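Given next, in structure tokens, is a single chain: the form deposited in one PDB entry.
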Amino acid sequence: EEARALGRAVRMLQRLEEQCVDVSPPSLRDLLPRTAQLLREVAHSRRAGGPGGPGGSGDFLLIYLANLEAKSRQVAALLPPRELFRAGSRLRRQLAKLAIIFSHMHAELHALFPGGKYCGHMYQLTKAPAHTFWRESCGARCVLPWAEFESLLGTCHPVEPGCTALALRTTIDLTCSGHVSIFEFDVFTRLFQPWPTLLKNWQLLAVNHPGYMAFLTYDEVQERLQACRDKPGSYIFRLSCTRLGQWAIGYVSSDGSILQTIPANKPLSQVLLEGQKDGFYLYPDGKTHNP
């Protein structure tokens, strides 16, 4: 049932781990066995729950496992039986993007079933109003399909249907599963604080801001900023993979070095203004027009 699902997903990540035996986060060779190990722990703890019904622990696992399988098939399809170094290598980018997604699915699973043991009914968000929004709208649930989440979020922060809502969905759905967990919502509301202007912060900082990069790794940021070494004060920003919920700002320093920093942890709008004023964050993605 659930146990059969969990056995299948374990063996599937072991296959991928063996197919990856040919580093620096996010690393598939690290994430796959850690995710497998956590799933072994989930399997044993459920053979013993939180409140059942829609969006409880069982629902989360069903959705999570069906997504993990889809993503594992994508990875499997890029790997030979037992070139990454060509410029513009499609294989390198697809693997990098998939490693990002496994990094997020590993973090989400660890947040909600640490040691195998479900805590989605007790989970507390980092920002208080976001916490209160979730629990007053979704109760003890830990996950929602996008459409229901969109509808619920709209009681407070409505998003224009169509292109904008899909852009929002892409930003929030870190695991690319079509569902929003309490964890994902935690991550989003930390990144785009403060709460009273949530979606306007998002519009300004992500949709309309040339410095915003989605689904880039640390090494992809170092590589992109190569183009800007002669432009001190060029910068971009993206979600940290190792510190989920925090921004990683990549910038070109005074000496043409490419540095990356985590500004723990005020609204990004304030970090940006303060860098602008001081002369560190002047040219988003190397371009003239700082928003």
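A residue's number is simply how far along the shown sequence it sits, counting from 1.
There is another form of this protein, the form deposited with a small molecule bound, and it is not shown here; the text below is about that form.
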Candidate from 121, 157, 92, 106 lying within 4.5 Å of the small molecule in the deposited bound form - any heavy atom: 121
Residue (of 26, 55, 233, 250) lying close to the small molecule in the deposited bound form, criterion heavy atoms within 4.5 Å: 55
Contact stretch among 160 to 168, 189 to 197, 113 to 121, 215 to 223 - heavy atom within 4.5 Å of the small molecule in the deposited bound form: 113 to 121
Contact test in the deposited bound form: residue 140 vs the small molecule, heavy atoms, 4.5 Å: yes
Partner proximity in the deposited bound form: residue 49 to the small molecule, non-hydrogen atom cutoff 4.5 Å: yes
